[PDB]
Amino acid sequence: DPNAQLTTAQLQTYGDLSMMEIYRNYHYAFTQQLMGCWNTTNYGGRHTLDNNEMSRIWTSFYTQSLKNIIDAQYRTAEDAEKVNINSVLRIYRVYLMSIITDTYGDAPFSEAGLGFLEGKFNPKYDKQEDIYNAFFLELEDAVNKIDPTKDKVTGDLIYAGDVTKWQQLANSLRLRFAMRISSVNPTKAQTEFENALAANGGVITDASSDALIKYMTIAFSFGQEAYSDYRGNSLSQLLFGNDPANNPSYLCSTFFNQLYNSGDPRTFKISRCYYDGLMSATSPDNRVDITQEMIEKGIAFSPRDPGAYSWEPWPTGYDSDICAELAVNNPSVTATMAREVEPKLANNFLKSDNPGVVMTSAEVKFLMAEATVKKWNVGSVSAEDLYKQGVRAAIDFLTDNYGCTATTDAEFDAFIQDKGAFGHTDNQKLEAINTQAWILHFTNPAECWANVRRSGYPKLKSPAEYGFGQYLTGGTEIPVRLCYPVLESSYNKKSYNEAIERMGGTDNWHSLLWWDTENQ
């Protein structure tokens, strides 16, 4: 039962179709990885403040997964016969709460979800500073309470109940949060980072302990029942789309150009050019891959600048021999390509059974590399070696978990020895580490946006710099947080007003979170 509550909360993390709209609408534009689909460009790409769209994480987690995890934790707390499920619940509670606070800032946590259990309504919004304090304390204690000789964890879609891997994940999350606070508090950050490395079970040191939620393959449906079906990855469902021929996932130029201009082996693993005239209405079957034809004919790729739609600017196309040939037996096909020259997200990332990414060994290597550049006491491996290991693991992650074609040693070496190289100054090293992390986090948009904001890399420019300033109703600078749902002023007035007063008296998506020291 607590074990069943874990299962459902894991499924809801990427399985909730309503919630996943937030990432397509906002995060993927803010990190300049996708742009051109109507939803992504309209909301995040052009800074449309929309309180209902911004509210999806808040409502989803406080009404469902976070609420239920809190209940289950409470019911198993201080029970020596339930220490493993209780500890696992505490780790997952920290994880879900980290998404909330890294989106909105101060928020209910210590007093959350206690109305039925403790008659405690109107929970205060804990200060982000204090939420992060609690993350380190909860994770450390959970690691120390876990005992493999005790209860079996049975509803775990990440590690199949292996509580030693749960210690590795908890200590890796301590690394992530330590590095998160390293601008505002380098001293505490270094201490937390070093403590985690020394903690029981260690950290995730290779991909065999990557934390990935397992999802199944279910046909993509947008009917009403689909909004209560968490069995499939709903982020992948939306990246395919409710309107998949008009509004697929086109890549942003910032990301496509980072890959292409650096010679990254992942360029045409993450993206392809497809003609979709024969594509299924409900799955990415029967697409025509024109990528190699475009390369052979010298046709320029036209990825979407921040602020651009697939149709604005309208691209320069070409006449496809592949499509002309196909039209002979499939007369609905046209040979004239237009928006097909704009790179799209590859089919490997559009599957109901894509994993729900929580944390990878590649990220741990990048965290270790940055801590080493920062002169923390993290071990005997050079920062450069840790960096190279993180890049290799990030590239292999796509092969292992999405079926992308394997990258040879020669291909990796060619890349790492040219534009993927680590660099020779601290700023170049931190730039390379965090640019590589941004690519790794493509399938983890919550972490991708948090790490862009925290590290300041890549250095992203407003859509105004690309010519789209006339559309920026919600202001010029890329938002650094989302606003609280307006109904909170009705359901939780005092606590909401208190949080807003702490920000200076307004709820503004340009206000930096506590751990975010400056913006870009």
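In case it trips you up, residue 1 is the first one in the sequence shown, and so on.
Mean CA temperature factor is higher for 2 to 10 when stretches 510 to 518 and 2 to 10 are set side by side in the entry. Comparing 112 to 120 with 130 to 138, the higher mean C-alpha B-factor in the PDB entry belongs to 112 to 120. Among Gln33, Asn51, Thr473, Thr40, the highest C-alpha B-factor recorded in the PDB entry belongs to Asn51. Per the PDB entry, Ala160 shows the highest C-alpha temperature factor of the residues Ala160, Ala432, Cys252, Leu238. Ranked within its chain, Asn246 lands in the highest third, by CA B factor from the PDB record. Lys214 sits in the middle third of its chain by CA B factor, as recorded in the PDB entry.
In this PDB entry, the Cα temperature factor of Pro331 sits in the middle third of its chain's modelled residues. Compared with the other modelled residues of the chain, the Cα B-factor recorded for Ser490 ranks in the highest third. For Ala464, the recorded CA temperature factor ranks within the middle third of the chain's modelled residues.
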